[PDB]
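Chemist: Provided below: run-v1.json, containing JSON, C-alpha atoms and all ligand atoms.
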```json
[["chain", "number", "residue", "atom", "x", "y", "z"],
["A", 20, "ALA", "CA", -5.47, 16.41, -32.73],
["A", 21, "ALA", "CA", -3.53, 13.19, -32.01],
["A", 22, "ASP", "CA", -2.27, 11.65, -28.80],
["A", 23, "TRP", "CA", 1.35, 11.90, -30.07],
["A", 24, "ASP", "CA", 1.10, 15.64, -30.93],
["A", 25, "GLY", "CA", 4.31, 17.32, -29.80],
["A", 26, "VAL", "CA", 6.14, 14.04, -29.21],
["A", 27, "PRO", "CA", 9.11, 14.16, -31.55],
["A", 28, "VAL", "CA", 10.42, 11.40, -33.78],
["A", 29, "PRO", "CA", 13.96, 10.75, -32.44],
["A", 30, "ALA", "CA", 15.46, 9.29, -35.63],
["A", 31, "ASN", "CA", 17.10, 11.37, -38.40],
["A", 32, "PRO", "CA", 15.23, 11.29, -41.73],
["A", 33, "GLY", "CA", 18.31, 12.58, -43.60],
["A", 34, "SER", "CA", 19.46, 16.04, -44.60],
["A", 35, "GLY", "CA", 16.75, 17.89, -46.51],
["A", 36, "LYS", "CA", 14.07, 15.49, -45.31],
["A", 37, "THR", "CA", 11.26, 15.44, -42.78],
["A", 38, "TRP", "CA", 9.00, 12.81, -41.20],
["A", 39, "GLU", "CA", 5.64, 12.34, -42.87],
["A", 40, "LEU", "CA", 2.87, 10.55, -40.96],
["A", 41, "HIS", "CA", 1.85, 7.26, -42.54],
["A", 42, "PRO", "CA", -1.91, 6.64, -42.49],
["A", 43, "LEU", "CA", -1.66, 3.33, -40.57],
["A", 44, "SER", "CA", -0.89, 5.47, -37.50],
["A", 45, "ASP", "CA", -3.69, 5.03, -34.94],
["A", 46, "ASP", "CA", -4.16, 6.59, -31.48],
["A", 47, "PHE", "CA", -7.22, 4.44, -30.73],
["A", 48, "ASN", "CA", -9.63, 7.23, -29.85],
["A", 49, "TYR", "CA", -12.75, 5.32, -30.82],
["A", 50, "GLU", "CA", -14.92, 2.55, -29.41],
["A", 51, "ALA", "CA", -14.48, -0.93, -30.97],
["A", 52, "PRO", "CA", -16.03, -3.59, -28.76],
["A", 53, "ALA", "CA", -14.44, -7.03, -28.60],
["A", 54, "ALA", "CA", -17.17, -8.69, -30.71],
["A", 55, "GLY", "CA", -17.65, -6.81, -34.00],
["A", 56, "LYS", "CA", -15.12, -4.02, -33.44],
["A", 57, "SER", "CA", -15.97, -0.85, -35.43],
["A", 58, "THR", "CA", -15.86, 0.69, -38.88],
["A", 59, "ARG", "CA", -12.81, 2.77, -37.87],
["A", 60, "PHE", "CA", -11.01, -0.30, -36.52],
["A", 61, "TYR", "CA", -11.38, -2.11, -39.83],
["A", 62, "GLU", "CA", -10.07, 0.84, -41.85],
["A", 63, "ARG", "CA", -6.58, -0.20, -40.69],
["A", 64, "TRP", "CA", -6.72, -3.51, -38.84],
["A", 65, "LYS", "CA", -7.80, -7.09, -38.95],
["A", 66, "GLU", "CA", -8.26, -9.39, -35.96],
["A", 67, "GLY", "CA", -5.62, -12.13, -35.64],
["A", 68, "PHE", "CA", -2.39, -12.68, -37.54],
["A", 69, "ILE", "CA", -1.00, -12.42, -41.09],
["A", 70, "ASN", "CA", -2.50, -15.87, -41.79],
["A", 71, "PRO", "CA", -4.80, -18.35, -40.03],
["A", 72, "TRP", "CA", -2.13, -19.66, -37.61],
["A", 73, "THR", "CA", -3.42, -19.32, -34.05],
["A", 74, "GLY", "CA", 0.00, -18.90, -32.44],
["A", 75, "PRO", "CA", 3.01, -20.27, -30.58],
["A", 76, "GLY", "CA", 3.28, -22.17, -27.34],
["A", 77, "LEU", "CA", -0.07, -22.51, -25.57],
["A", 78, "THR", "CA", -1.43, -19.45, -27.44],
["A", 79, "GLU", "CA", -4.70, -19.41, -29.25],
["A", 80, "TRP", "CA", -5.34, -15.95, -30.70],
["A", 81, "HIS", "CA", -8.98, -15.01, -30.31],
["A", 82, "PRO", "CA", -10.83, -12.02, -31.81],
["A", 83, "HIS", "CA", -12.79, -11.24, -28.61],
["A", 84, "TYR", "CA", -9.53, -10.71, -26.67],
["A", 85, "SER", "CA", -8.82, -7.43, -28.47],
["A", 86, "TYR", "CA", -10.91, -4.26, -28.20],
["A", 87, "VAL", "CA", -10.55, -0.49, -28.38],
["A", 88, "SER", "CA", -11.91, 1.69, -25.59],
["A", 89, "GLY", "CA", -11.10, 4.72, -23.46],
["A", 90, "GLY", "CA", -8.35, 5.89, -25.85],
["A", 91, "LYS", "CA", -6.44, 2.58, -25.81],
["A", 92, "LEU", "CA", -6.18, -0.64, -27.70],
["A", 93, "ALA", "CA", -6.52, -3.49, -25.20],
["A", 94, "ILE", "CA", -5.03, -6.91, -25.75],
["A", 95, "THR", "CA", -6.30, -9.25, -23.04],
["A", 96, "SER", "CA", -5.90, -12.88, -22.00],
["A", 97, "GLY", "CA", -7.92, -15.74, -20.53],
["A", 98, "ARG", "CA", -7.89, -19.46, -19.95],
["A", 99, "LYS", "CA", -9.40, -21.53, -22.75],
["A", 100, "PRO", "CA", -11.91, -23.51, -20.68],
["A", 101, "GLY", "CA", -11.04, -27.15, -20.02],
["A", 102, "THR", "CA", -7.58, -26.89, -21.59],
["A", 103, "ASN", "CA", -4.08, -25.60, -20.81],
["A", 104, "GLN", "CA", -4.34, -23.08, -23.67],
["A", 105, "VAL", "CA", -4.44, -19.29, -23.35],
["A", 106, "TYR", "CA", -6.77, -17.14, -25.39],
["A", 107, "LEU", "CA", -4.90, -13.96, -26.37],
["A", 108, "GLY", "CA", -5.63, -10.79, -28.32],
["A", 109, "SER", "CA", -3.99, -10.01, -31.63],
["A", 110, "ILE", "CA", -4.50, -7.49, -34.40],
["A", 111, "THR", "CA", -2.60, -7.11, -37.68],
["A", 112, "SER", "CA", -2.40, -4.26, -40.20],
["A", 113, "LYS", "CA", -4.29, -4.84, -43.45],
["A", 114, "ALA", "CA", -1.37, -3.38, -45.42],
["A", 115, "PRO", "CA", 2.39, -3.75, -44.84],
["A", 116, "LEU", "CA", 5.19, -1.25, -44.41],
["A", 117, "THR", "CA", 8.56, -1.03, -46.13],
["A", 118, "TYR", "CA", 11.85, 0.61, -45.24],
["A", 119, "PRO", "CA", 12.68, 3.38, -44.74],
["A", 120, "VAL", "CA", 10.16, 3.81, -41.95],
["A", 121, "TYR", "CA", 10.06, 4.77, -38.27],
["A", 122, "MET", "CA", 7.64, 2.53, -36.33],
["A", 123, "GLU", "CA", 6.67, 3.30, -32.72],
["A", 124, "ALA", "CA", 4.21, 2.25, -30.04],
["A", 125, "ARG", "CA", 3.34, 3.82, -26.72],
["A", 126, "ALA", "CA", 2.25, 0.95, -24.51],
["A", 127, "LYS", "CA", 1.96, -0.58, -21.04],
["A", 128, "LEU", "CA", 3.00, -4.23, -20.85],
["A", 129, "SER", "CA", 0.69, -6.71, -19.20],
["A", 130, "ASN", "CA", 1.78, -7.87, -15.75],
["A", 131, "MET", "CA", 2.18, -11.41, -16.99],
["A", 132, "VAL", "CA", 4.81, -13.92, -18.05],
["A", 133, "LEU", "CA", 3.33, -13.65, -21.54],
["A", 134, "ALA", "CA", 5.09, -11.62, -24.20],
["A", 135, "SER", "CA", 3.52, -8.18, -24.81],
["A", 136, "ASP", "CA", 4.40, -7.49, -28.46],
["A", 137, "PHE", "CA", 4.53, -4.76, -31.12],
["A", 138, "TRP", "CA", 6.25, -6.35, -34.06],
["A", 139, "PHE", "CA", 6.55, -6.84, -37.81],
["A", 140, "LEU", "CA", 6.49, -9.86, -40.07],
["A", 141, "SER", "CA", 6.71, -10.46, -43.81],
["A", 142, "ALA", "CA", 3.82, -12.25, -45.54],
["A", 143, "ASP", "CA", 5.98, -15.37, -45.96],
["A", 144, "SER", "CA", 7.12, -15.42, -42.28],
["A", 145, "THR", "CA", 10.83, -15.22, -43.15],
["A", 146, "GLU", "CA", 11.65, -11.67, -41.96],
["A", 147, "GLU", "CA", 10.70, -10.14, -38.60],
["A", 148, "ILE", "CA", 11.44, -6.97, -36.62],
["A", 149, "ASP", "CA", 10.51, -6.87, -32.90],
["A", 150, "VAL", "CA", 9.91, -3.37, -31.53],
["A", 151, "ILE", "CA", 8.14, -4.17, -28.23],
["A", 152, "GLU", "CA", 8.75, -7.71, -26.99],
["A", 153, "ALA", "CA", 8.80, -7.86, -23.24],
["A", 154, "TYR", "CA", 7.54, -9.81, -20.25],
["A", 155, "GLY", "CA", 5.94, -7.65, -17.53],
["A", 156, "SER", "CA", 5.48, -10.24, -14.76],
["A", 157, "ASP", "CA", 5.96, -9.15, -11.14],
["A", 158, "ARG", "CA", 6.36, -12.83, -10.08],
["A", 159, "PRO", "CA", 9.10, -13.41, -7.56],
["A", 160, "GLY", "CA", 12.08, -14.74, -9.56],
["A", 161, "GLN", "CA", 11.09, -12.78, -12.70],
["A", 162, "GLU", "CA", 12.49, -9.43, -11.61],
["A", 163, "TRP", "CA", 15.29, -9.52, -14.21],
["A", 164, "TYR", "CA", 12.79, -9.81, -17.07],
["A", 165, "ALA", "CA", 10.51, -7.14, -15.61],
["A", 166, "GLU", "CA", 13.35, -4.62, -15.95],
["A", 167, "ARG", "CA", 14.15, -5.54, -19.58],
["A", 168, "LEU", "CA", 12.84, -4.83, -23.14],
["A", 169, "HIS", "CA", 13.88, -7.44, -25.70],
["A", 170, "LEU", "CA", 15.20, -5.51, -28.74],
["A", 171, "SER", "CA", 15.47, -7.94, -31.58],
["A", 172, "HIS", "CA", 14.65, -9.22, -35.04],
["A", 173, "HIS", "CA", 14.50, -12.63, -36.70],
["A", 174, "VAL", "CA", 15.27, -14.14, -40.04],
["A", 175, "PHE", "CA", 13.98, -17.63, -40.79],
["A", 176, "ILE", "CA", 14.19, -20.46, -43.22],
["A", 177, "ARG", "CA", 10.76, -22.11, -43.09],
["A", 178, "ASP", "CA", 11.69, -25.66, -44.18],
["A", 179, "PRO", "CA", 13.88, -27.12, -42.73],
["A", 180, "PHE", "CA", 13.08, -24.62, -39.98],
["A", 181, "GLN", "CA", 15.92, -22.36, -38.83],
["A", 182, "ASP", "CA", 15.67, -19.19, -36.71],
["A", 183, "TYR", "CA", 18.31, -16.50, -36.23],
["A", 184, "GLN", "CA", 18.15, -13.47, -33.92],
["A", 185, "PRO", "CA", 20.91, -11.45, -32.28],
["A", 186, "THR", "CA", 21.76, -12.83, -28.84],
["A", 187, "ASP", "CA", 24.35, -10.40, -27.42],
["A", 188, "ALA", "CA", 23.66, -8.95, -23.95],
["A", 189, "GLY", "CA", 22.52, -5.59, -25.30],
["A", 190, "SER", "CA", 19.53, -7.26, -26.97],
["A", 191, "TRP", "CA", 17.92, -7.15, -23.51],
["A", 192, "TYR", "CA", 17.71, -3.47, -22.60],
["A", 193, "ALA", "CA", 17.46, -2.06, -19.06],
["A", 194, "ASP", "CA", 17.74, 1.68, -18.27],
["A", 195, "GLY", "CA", 20.05, 1.24, -15.25],
["A", 196, "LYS", "CA", 17.51, 2.98, -13.01],
["A", 197, "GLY", "CA", 15.55, -0.18, -12.09],
["A", 198, "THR", "CA", 12.53, 0.82, -14.21],
["A", 199, "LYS", "CA", 9.94, -1.93, -14.50],
["A", 200, "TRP", "CA", 8.48, -1.26, -17.91],
["A", 201, "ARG", "CA", 5.07, -2.72, -16.95],
["A", 202, "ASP", "CA", 4.48, 0.10, -14.43],
["A", 203, "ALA", "CA", 3.75, 2.86, -16.97],
["A", 204, "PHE", "CA", 3.25, 3.67, -20.61],
["A", 205, "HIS", "CA", 6.58, 3.85, -22.49],
["A", 206, "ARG", "CA", 7.31, 4.52, -26.10],
["A", 207, "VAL", "CA", 9.45, 2.13, -28.06],
["A", 208, "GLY", "CA", 10.34, 2.69, -31.69],
["A", 209, "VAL", "CA", 12.53, 1.34, -34.46],
["A", 210, "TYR", "CA", 13.95, 3.14, -37.45],
["A", 211, "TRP", "CA", 13.96, 0.46, -40.11],
["A", 212, "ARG", "CA", 16.27, 2.48, -42.36],
["A", 213, "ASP", "CA", 17.34, -0.13, -44.91],
["A", 214, "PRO", "CA", 17.75, -3.91, -45.05],
["A", 215, "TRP", "CA", 20.98, -3.77, -43.00],
["A", 216, "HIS", "CA", 20.25, -1.06, -40.44],
["A", 217, "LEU", "CA", 17.90, -0.85, -37.45],
["A", 218, "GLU", "CA", 17.88, 1.75, -34.68],
["A", 219, "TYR", "CA", 15.98, 1.20, -31.41],
["A", 220, "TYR", "CA", 14.59, 4.10, -29.38],
["A", 221, "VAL", "CA", 13.11, 3.98, -25.86],
["A", 222, "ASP", "CA", 11.25, 7.05, -24.56],
["A", 223, "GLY", "CA", 12.85, 9.23, -27.23],
["A", 224, "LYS", "CA", 16.45, 8.08, -26.84],
["A", 225, "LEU", "CA", 18.60, 5.92, -29.11],
["A", 226, "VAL", "CA", 19.55, 2.83, -27.09],
["A", 227, "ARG", "CA", 20.79, 0.29, -29.68],
["A", 228, "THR", "CA", 21.91, 0.18, -33.29],
["A", 229, "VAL", "CA", 21.88, -3.10, -35.18],
["A", 230, "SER", "CA", 23.81, -2.59, -38.41],
["A", 231, "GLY", "CA", 25.60, -4.78, -40.98],
["A", 232, "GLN", "CA", 25.30, -8.35, -42.28],
["A", 233, "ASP", "CA", 27.33, -9.85, -39.42],
["A", 234, "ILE", "CA", 24.56, -9.00, -36.93],
["A", 235, "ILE", "CA", 21.51, -8.75, -39.24],
["A", 236, "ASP", "CA", 21.96, -12.09, -41.02],
["A", 237, "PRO", "CA", 25.35, -13.72, -40.49],
["A", 238, "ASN", "CA", 24.01, -17.16, -41.56],
["A", 239, "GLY", "CA", 22.76, -15.91, -44.95],
["A", 240, "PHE", "CA", 19.11, -16.87, -44.42],
["A", 241, "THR", "CA", 18.00, -13.86, -46.49],
["A", 242, "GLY", "CA", 20.26, -14.75, -49.45],
["A", 243, "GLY", "CA", 22.03, -11.37, -49.27],
["A", 244, "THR", "CA", 18.83, -9.28, -49.28],
["A", 245, "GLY", "CA", 18.60, -8.38, -45.57],
["A", 246, "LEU", "CA", 15.42, -7.14, -43.89],
["A", 247, "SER", "CA", 13.80, -6.03, -47.12],
["A", 248, "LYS", "CA", 10.37, -7.65, -47.52],
["A", 249, "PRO", "CA", 7.25, -5.65, -46.75],
["A", 250, "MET", "CA", 6.17, -6.33, -43.16],
["A", 251, "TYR", "CA", 2.78, -6.22, -41.47],
["A", 252, "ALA", "CA", 2.34, -4.53, -38.10],
["A", 253, "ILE", "CA", 1.18, -6.91, -35.37],
["A", 254, "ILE", "CA", 0.08, -6.10, -31.84],
["A", 255, "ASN", "CA", -0.47, -9.15, -29.68],
["A", 256, "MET", "CA", 0.35, -11.14, -26.64],
["A", 257, "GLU", "CA", 2.05, -14.52, -26.97],
["A", 258, "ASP", "CA", 2.61, -17.51, -24.78],
["A", 259, "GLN", "CA", 5.99, -18.33, -26.35],
["A", 260, "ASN", "CA", 7.51, -21.80, -26.54],
["A", 261, "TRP", "CA", 10.87, -20.87, -24.96],
["A", 262, "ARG", "CA", 8.79, -19.97, -21.87],
["A", 263, "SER", "CA", 5.90, -22.45, -21.68],
["A", 264, "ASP", "CA", 7.77, -25.51, -23.04],
["A", 265, "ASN", "CA", 10.02, -24.91, -20.05],
["A", 266, "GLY", "CA", 7.45, -24.38, -17.30],
["A", 267, "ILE", "CA", 6.69, -20.64, -17.45],
["A", 268, "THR", "CA", 3.09, -19.90, -18.48],
["A", 269, "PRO", "CA", 0.24, -18.00, -16.85],
["A", 270, "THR", "CA", -1.74, -19.52, -14.00],
["A", 271, "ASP", "CA", -5.54, -19.47, -13.90],
["A", 272, "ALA", "CA", -5.33, -16.94, -11.05],
["A", 273, "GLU", "CA", -3.20, -14.57, -13.16],
["A", 274, "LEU", "CA", -5.46, -14.94, -16.20],
["A", 275, "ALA", "CA", -8.50, -14.16, -14.09],
["A", 276, "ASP", "CA", -6.99, -10.95, -12.65],
["A", 277, "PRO", "CA", -8.25, -7.92, -14.62],
["A", 278, "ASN", "CA", -5.49, -5.77, -13.16],
["A", 279, "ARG", "CA", -2.76, -7.99, -14.59],
["A", 280, "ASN", "CA", -4.11, -9.75, -17.63],
["A", 281, "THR", "CA", -4.21, -6.91, -20.14],
["A", 282, "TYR", "CA", -1.63, -5.17, -22.37],
["A", 283, "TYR", "CA", -2.58, -1.61, -23.38],
["A", 284, "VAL", "CA", -1.48, 0.39, -26.40],
["A", 285, "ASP", "CA", -2.06, 4.16, -26.37],
["A", 286, "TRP", "CA", -0.83, 4.54, -29.96],
["A", 287, "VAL", "CA", 1.02, 3.06, -32.87],
["A", 288, "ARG", "CA", 2.51, 5.54, -35.32],
["A", 289, "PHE", "CA", 4.63, 5.28, -38.39],
["A", 290, "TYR", "CA", 6.61, 7.91, -40.33],
["A", 291, "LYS", "CA", 8.26, 7.98, -43.73],
["A", 292, "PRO", "CA", 11.22, 10.23, -44.48],
["A", 293, "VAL", "CA", 10.36, 12.54, -47.39],
["A", 294, "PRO", "CA", 11.97, 15.58, -49.00],
["A", 295, "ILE", "CA", 11.13, 18.94, -47.45],
["A", 296, "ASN", "CA", 8.87, 20.92, -49.85],
["A", 301, "NA", "NA", 15.10, -9.83, -47.63],
["A", 302, "NA", "NA", -4.56, 6.62, -27.47]]
```
Can the structure from this file be put into structure tokens for me?
Modeler:
Amino acid sequence: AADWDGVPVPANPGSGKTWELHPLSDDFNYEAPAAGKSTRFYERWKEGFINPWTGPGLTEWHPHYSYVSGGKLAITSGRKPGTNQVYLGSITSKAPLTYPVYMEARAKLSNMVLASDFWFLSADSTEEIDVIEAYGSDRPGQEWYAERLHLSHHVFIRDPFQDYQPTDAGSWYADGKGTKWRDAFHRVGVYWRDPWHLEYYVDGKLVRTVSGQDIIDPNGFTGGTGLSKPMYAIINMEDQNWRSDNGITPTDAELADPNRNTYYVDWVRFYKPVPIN
């Protein structure tokens, strides 16, 4: 049995096709302690990132800030002693995915100004899809962000560095009911259909379609190829520069609070559309 049994895939695989479970899918029903993890953990995952970079902003990704227990992957946070840096969990898939693929997590954001992330990046760091990217903080003055999921993707040129993502209002999704995403587990998925077409789904409903060169890559950073490179699955938290460069970063009191400082993932699952037998 799996934790997602009976929970449908909301995207359309095409006439005459069905969704086939990809083996990277993990519902985290095993024990993998922070130090050393477990055999099952390492069948799919590595600690850290796609490469040795330790992260943006004041982030320093740290292997002992991820663990699997009680049916959940936990990504936690803490102050790096004697510094302003933040130790954060991160895990990355050992193998990448390619379109067409539906990619979904069921997760509870941390109650922090940090980004809680479920996202995808090519080996060369030029192509990115962000499925969960959201900031759970209940701080006074952060209420707008607490009601929003950032639905986005990036294309980069590494040198000289350039970064494009969509920036229209609909890239920050709220349900209109005042839901604070941090308060419960929610499922967020993307159908990465082809290099020019993404569909975002929240709790089983299509909420945004990002389609065509004008929104995927209007500046031509992908040289006409779109979102086409294989991408690794990454589950992390981040202290991001657009926040901490500008005075928003966790306090020691927040980082010390076990009821706020952790981002939980019930499952990640991935499906490929395949012909019906
Ligand atoms: Na490409
Ligand atoms: Na689970």
Chemist: Would you write out, as a Markdown table, a table of all residues in chain A that have an atom no more than 6 Å from an atom of ligand NA 301 (chain A), listing for each the closest atom pair and the distance in Å to one decimal, considering only C-alpha atoms and all ligand atoms and ordering rows by chain and rising residue number?
Modeler:
```
| residue | atom | partner | partner_atom | distance |
| --- | --- | --- | --- | --- |
| A:241 | CA | A:NA301 | NA | 5.1 |
| A:244 | CA | A:NA301 | NA | 4.1 |
| A:245 | CA | A:NA301 | NA | 4.3 |
| A:246 | CA | A:NA301 | NA | 4.6 |
| A:247 | CA | A:NA301 | NA | 4.0 |
| A:248 | CA | A:NA301 | NA | 5.2 |
```
Chemist: Find, counting all atoms listed in the file, the residue in A:48, A:112, A:190, A:129 that gets nearest to residue 90 in chain A.
Modeler: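 Looking at the shortest contact to residue 90 in chain A, the residue is A:48.
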Chemist: Kindly work out which residues sit at most 12 Å from ligand NA 302 (chain A), using all atoms listed in the file, and give the list as a ChimeraX atom specification.
Modeler: /A:20-24,44-50,87-93,124-127,204,283-288
Chemist: Any idea what's packed within 12 Å of residue 233 in chain A, counting all atoms listed in the file, ignoring anything in its chain fewer than 5 positions away? Could you give it as a PyMOL selection string?
Modeler: chain A and resi 183-185+215-216+238-240+243+245
Chemist: Which residues, written as a JSON list (two decimals) with C-alpha atoms, keeping the file's coordinate frame, have at least one atom at most 8 Å from residue 138 in chain A, with all atoms listed in the file counted and residues fewer than 5 positions away on the same chain left out?
Modeler:
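Contents of out-v2.json, as written:
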```json
[["chain", "number", "residue", "atom", "x", "y", "z"],
["A", 147, "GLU", "CA", 10.70, -10.14, -38.60],
["A", 148, "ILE", "CA", 11.44, -6.97, -36.62],
["A", 149, "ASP", "CA", 10.51, -6.87, -32.90],
["A", 150, "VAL", "CA", 9.91, -3.37, -31.53],
["A", 151, "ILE", "CA", 8.14, -4.17, -28.23],
["A", 152, "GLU", "CA", 8.75, -7.71, -26.99],
["A", 252, "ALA", "CA", 2.34, -4.53, -38.10],
["A", 253, "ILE", "CA", 1.18, -6.91, -35.37],
["A", 254, "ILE", "CA", 0.08, -6.10, -31.84]]
```
Chemist: From the list A:265, A:106, A:169, A:43, which residue is nearest residue 59 in chain A when using all atoms listed in the file?
Modeler: A:43
Chemist: Which one is closest to residue 157 in chain A: A:205, A:83, A:113, A:199? Count all atoms listed in the file.
Modeler: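 Looking only at the distances to residue 157 in chain A, the closest residue turns out to be A:199.
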Chemist: Any idea what the distance is between CA of residue 135 in chain A and CA of residue 290 in chain A?
Modeler: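 Separating CA of residue 135 in chain A from CA of residue 290 in chain A is a distance of 22.6 Å.
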Chemist: Contacts of residue 280 in chain A at 7 Å or less, counting only C-alpha atoms, minus same-chain residues fewer than 3 places along, as a PyMOL selection string?
Modeler: chain A and resi 95-96+129-131+273-274+276-277
Chemist: Which residues are close to residue 197 in chain A, i.e. within 12 Å by all atoms listed in the file, leaving aside same-chain residues fewer than 2 positions away? Reply as a list in words.
Modeler: residues 162, 163, 164, 165, 166, 167, 192, 193, 194, 195, 199, 200, 201 and 202 of chain A
Chemist: What does the distance between CA of residue 261 in chain A and CA of residue 177 in chain A come to in Å, to one decimal place?
Modeler: 18.2 Å
Chemist: Report as a ChimeraX atom specification all protein, DNA and RNA residues lying within 10 Å of range 65-71 of chain A, evaluated on all atoms listed in the file, omitting residues in the same chain fewer than 3 positions from it.
Modeler: /A:53,55-56,60-62,74,79-86,107-114,139-144,250-255
Chemist: So which residues are close to (7.3, 3.4, -38.7), meaning at most 8 Å away in the file's coordinates with all atoms listed in the file counted, and can you show them as a list in words?
Modeler: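 Final list of nearby residues, as requested, is residues 41, 116, 120, 121, 122, 123, 208, 209, 210, 211, 288, 289, 290 and 291 of chain A.
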Chemist: In Å, with one decimal, what is the gap from CA of residue 229 in chain A to CA of residue 217 in chain A?
Modeler: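 A separation of 5.1 Å between them.
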Chemist: Hey, which of A:146, A:222, A:271, A:187 ends up closest to residue 172 in chain A? Count all atoms listed in the file.
Modeler: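 Under the stated criterion, the closest residue is A:146.
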Chemist: When you get a chance, write out N, CA and C atoms for range 121-139 of chain A, as an mmCIF file, in the frame of the given file.
Modeler:
```
data_model
loop_
_atom_site.group_PDB
_atom_site.id
_atom_site.type_symbol
_atom_site.label_atom_id
_atom_site.label_comp_id
_atom_site.auth_asym_id
_atom_site.auth_seq_id
_atom_site.Cartn_x
_atom_site.Cartn_y
_atom_site.Cartn_z
ATOM 1 N N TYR A 121 9.970 4.768 -39.733
ATOM 2 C CA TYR A 121 10.060 4.770 -38.270
ATOM 3 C C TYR A 121 8.750 4.249 -37.715
ATOM 4 N N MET A 122 8.823 3.260 -36.826
ATOM 5 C CA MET A 122 7.640 2.530 -36.330
ATOM 6 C C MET A 122 7.680 2.537 -34.812
ATOM 7 N N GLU A 123 6.634 3.055 -34.169
ATOM 8 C CA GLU A 123 6.670 3.300 -32.720
ATOM 9 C C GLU A 123 5.351 3.004 -32.061
ATOM 10 N N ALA A 124 5.401 2.413 -30.867
ATOM 11 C CA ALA A 124 4.210 2.250 -30.040
ATOM 12 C C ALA A 124 4.428 2.887 -28.688
ATOM 13 N N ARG A 125 3.350 3.427 -28.122
ATOM 14 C CA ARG A 125 3.340 3.820 -26.720
ATOM 15 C C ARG A 125 2.409 2.856 -26.009
ATOM 16 N N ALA A 126 2.957 2.132 -25.041
ATOM 17 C CA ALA A 126 2.250 0.950 -24.510
ATOM 18 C C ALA A 126 2.646 0.618 -23.092
ATOM 19 N N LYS A 127 1.746 -0.101 -22.412
ATOM 20 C CA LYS A 127 1.960 -0.580 -21.040
ATOM 21 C C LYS A 127 1.843 -2.083 -21.066
ATOM 22 N N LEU A 128 2.959 -2.760 -20.844
ATOM 23 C CA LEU A 128 3.000 -4.230 -20.850
ATOM 24 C C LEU A 128 1.985 -4.808 -19.869
ATOM 25 N N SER A 129 1.451 -5.976 -20.189
ATOM 26 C CA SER A 129 0.690 -6.710 -19.200
ATOM 27 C C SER A 129 1.615 -7.210 -18.091
ATOM 28 N N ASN A 130 1.039 -7.371 -16.891
ATOM 29 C CA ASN A 130 1.780 -7.870 -15.750
ATOM 30 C C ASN A 130 1.647 -9.385 -15.727
ATOM 31 N N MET A 131 2.288 -9.996 -16.715
ATOM 32 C CA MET A 131 2.180 -11.410 -16.990
ATOM 33 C C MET A 131 3.490 -11.951 -17.513
ATOM 34 N N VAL A 132 3.643 -13.274 -17.464
ATOM 35 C CA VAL A 132 4.810 -13.920 -18.050
ATOM 36 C C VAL A 132 4.732 -14.025 -19.574
ATOM 37 N N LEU A 133 3.546 -13.747 -20.103
ATOM 38 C CA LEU A 133 3.330 -13.650 -21.540
ATOM 39 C C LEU A 133 4.167 -12.547 -22.150
ATOM 40 N N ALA A 134 4.524 -12.722 -23.419
ATOM 41 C CA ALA A 134 5.090 -11.620 -24.200
ATOM 42 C C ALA A 134 4.009 -10.601 -24.541
ATOM 43 N N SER A 135 4.286 -9.316 -24.287
ATOM 44 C CA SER A 135 3.520 -8.180 -24.810
ATOM 45 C C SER A 135 4.312 -7.680 -26.012
ATOM 46 N N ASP A 136 3.681 -7.677 -27.191
ATOM 47 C CA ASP A 136 4.400 -7.490 -28.460
ATOM 48 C C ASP A 136 3.860 -6.370 -29.345
ATOM 49 N N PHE A 137 4.793 -5.671 -29.993
ATOM 50 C CA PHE A 137 4.530 -4.760 -31.120
ATOM 51 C C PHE A 137 5.627 -5.097 -32.098
ATOM 52 N N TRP A 138 5.248 -5.725 -33.209
ATOM 53 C CA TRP A 138 6.250 -6.350 -34.060
ATOM 54 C C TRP A 138 5.776 -6.425 -35.510
ATOM 55 N N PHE A 139 6.687 -6.903 -36.361
ATOM 56 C CA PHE A 139 6.550 -6.840 -37.810
ATOM 57 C C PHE A 139 6.985 -8.126 -38.441
#
```
